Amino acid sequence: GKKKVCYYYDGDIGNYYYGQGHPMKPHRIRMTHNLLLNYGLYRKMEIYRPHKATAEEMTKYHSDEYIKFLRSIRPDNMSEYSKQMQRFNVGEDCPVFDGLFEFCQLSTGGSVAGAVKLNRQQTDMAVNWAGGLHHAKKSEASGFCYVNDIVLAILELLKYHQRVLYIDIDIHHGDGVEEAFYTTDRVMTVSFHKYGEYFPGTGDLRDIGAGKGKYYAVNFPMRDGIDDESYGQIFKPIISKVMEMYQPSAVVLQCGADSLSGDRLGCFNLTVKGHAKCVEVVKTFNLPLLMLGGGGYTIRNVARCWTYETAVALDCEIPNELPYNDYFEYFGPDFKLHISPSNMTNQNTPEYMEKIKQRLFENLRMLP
């Protein structure tokens, strides 16, 4: 039936600024929070302020040198770190900004605290919209991500769970998470993403893991314009087959909203209902679930998406008419929660979708 939901948020998160022109806007986390508060979604959730994750907690995955660099670099001392900035990929995608380390600490803190709460069996679902920064590598920042909160949260879940399933619906391939667990069978990574002339360039359907991890990495490459009907047609059957064969005891779901129609960086055509259908599908398996944020660059749509997905987690129906809120003007001209898909062509033909699904099913037959 209905589940206990714990939600992680720090009121300072929305103040971190990547810089003029950078599409990553932490303010979208504050817009999501304000919208869900105005819908009354706080009445049924336990709301927690995450602790600032320590450099030591971060080094359970990242190298000591990389975390030391992140804790030391600032816009005023950048000139003395030109060498380390190149080595750690800090530059245009991953700039140095005021409070960078504290932003990482809050993003990570929410994910790890949620994983601890799930491990203690004190909640059925834990939500951290500030997390889901899937591109960060052991000693390298990548694609707007500096610390891989997902990998750290999964390592925490692995203390009490033999098998953990990671599912990523961000439009970009979840490369940092896949790479971290590529050679183990204790984590199965499943990523649905745009593939072909698109960042990060990885996630081919032939990338299936290595060594003990062979068959434990699953990639569903897609083309521009995927819609609710097409996405829905493959998501449930793939996730159902993965649940059946892998039998995970905990799940982490990265809910990157850049797979929505009208995204500034994405080229998919999902609606908020289509995107949220993934949360409904995963929730139906009744396993401990950590829901995380990720991409999303048309910020009014990110707020709508994550507000609706929090309502889905709580099994609460919310009206389409948006309640008045601190950012009401951002939701014009309609002031509605749900969005309409565009007229963009869906390059993913029904035959292509079935063919890729059948190839993934062949790989899933190889599990013990």
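Quick note: we count residues from 1 along the sequence shown, nothing fancier. Whichever C-alpha set is largest while still superposing within 1.5 Å between the two forms counts as the rigid core.
Original post:
C-alpha RMS from this form in 9 other deposited structures of this protein, rigid core superposed: larger for 234-242 or 89-97?
Top reply: Of the two stretches, the larger average C-alpha offset in 9 other deposited structures of this protein falls on 89-97.
Original post:
Between 280-288 and 126-134, which has the higher average C-alpha B-factor in the PDB entry?
Top reply: Stretch with the higher mean C-alpha B-factor: 280-288.
Original post:
Out of 230-238 and 77-85, which one has CA B-factors that are higher on average in the deposited record?
Top reply: Higher of the two, by average CA B-factor, is 77-85.
Original post:
Out of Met245, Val147, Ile169, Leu165, which shows the largest CA B-factor listed in the entry?
Top reply: Max CA B-factor in the entry, restricted to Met245, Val147, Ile169, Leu165: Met245.
Original post:
Within this chain, which third does the Cα B-factor at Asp204 fall in: lowest, middle or highest?
Top reply: For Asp204, the deposited C-alpha B-factor lands in the middle third.
Subject >> Third assignment of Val96 from its chain's C-alpha B-factors >> reply: Highest third of the chain for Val96's C-alpha B-factor.
Original post:
In terms of the chain's CA B-factor thirds, is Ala210 lowest, middle or highest?
Top reply: Highest third.
Original post:
Lowest, middle or highest third: where is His275 by C-alpha B factor in its chain?
Top reply: Its C-alpha B-factor, which the entry lists for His275, ranks in the lowest third among residues of this chain.
Subject >> Relative C-alpha B-factor of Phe103, binned into the chain's lowest, middle or highest third >> reply: Middle third - that is where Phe103 ends up once the chain's C-alpha B-factors are sorted.
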